[PDB]
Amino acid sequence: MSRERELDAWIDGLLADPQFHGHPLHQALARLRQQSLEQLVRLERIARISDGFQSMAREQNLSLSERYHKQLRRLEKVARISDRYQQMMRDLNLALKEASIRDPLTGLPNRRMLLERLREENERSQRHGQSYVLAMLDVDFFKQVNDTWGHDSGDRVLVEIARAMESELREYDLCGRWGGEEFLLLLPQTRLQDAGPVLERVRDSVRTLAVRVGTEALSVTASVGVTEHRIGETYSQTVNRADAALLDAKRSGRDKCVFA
């Protein structure tokens, strides 16, 4: 201030007059001036310490702000990684699910799973253009096996035929139990000339089976009808052609394989 300056100067000039020295009003004037200087010093210090305190607080708030936004991104990252782990858990889950719709007796895919694949391969027969090979396989004289030896026995023959056919398939081929003693073989993205070798191997594996009943060993054979998917037709039509082929193999004896 400026009036305070002029007053302090007037007071100091009074205080310098020796005639007032020792006077009580002189003492009190001096004490008040001194207390003024001391308050100004005290204020300078207070303000400096307080400034530092709120500087600290300012930096603490900025740090908490940074921490808050890093928390937001961390929640998004945790969720992303976790979702990928759960994708693997889901692939496992779907595999097992499809692996539990199996023919209880032979463990092969059943008719339903056969139909589902048949439809899926019909669609891939369009979009990629490579068709599949379809074989219908039937145990010859199975009724004789059941009559002679019993149903238990027949059933076992089927379990071991499933074992043998599965053992002779390539990686993407599919073997299923259509029903009764009838099985369906599906070779995706293949054409008859490549098929012949694998189908010969599958009949071999049925042929060389020696299935025990007590102390006797059974020999069985299979007839099989083969064709190719002619695109745009339904799987059903294709099955039917394979079925007619199989019926032809049975007409011409046993252990035969006719193409159509």
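In case it trips you up, residue 1 is the first one in the sequence shown, and so on.
On average the C-alpha atoms of 231-239 have higher B-factors than those of the other stretch, with 231-239 and 38-46 being the two compared. Of the two segments examined, 77-85 and 173-181, it is 173-181 that shows the higher average Cα temperature factor in the deposited entry.
Out of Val206, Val211, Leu29, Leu199, the entry records its largest CA B-factor for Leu199.
As recorded in the entry, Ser131 carries the highest CA temperature factor of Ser131, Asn110, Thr106, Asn93. In the PDB entry, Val220 places in the lowest third of its chain by CA B-factor.
The deposited CA B-factor of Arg191 belongs to the highest third of values across its chain. The PDB entry assigns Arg163 a C-alpha temperature factor belonging to the lowest third of its chain's modelled residues. Ranked by Cα temperature factor within the chain, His23 sits in the lowest third according to the deposited record. When the modelled residues of the chain are ordered by C-alpha B-factor, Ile101 sits in the highest third.
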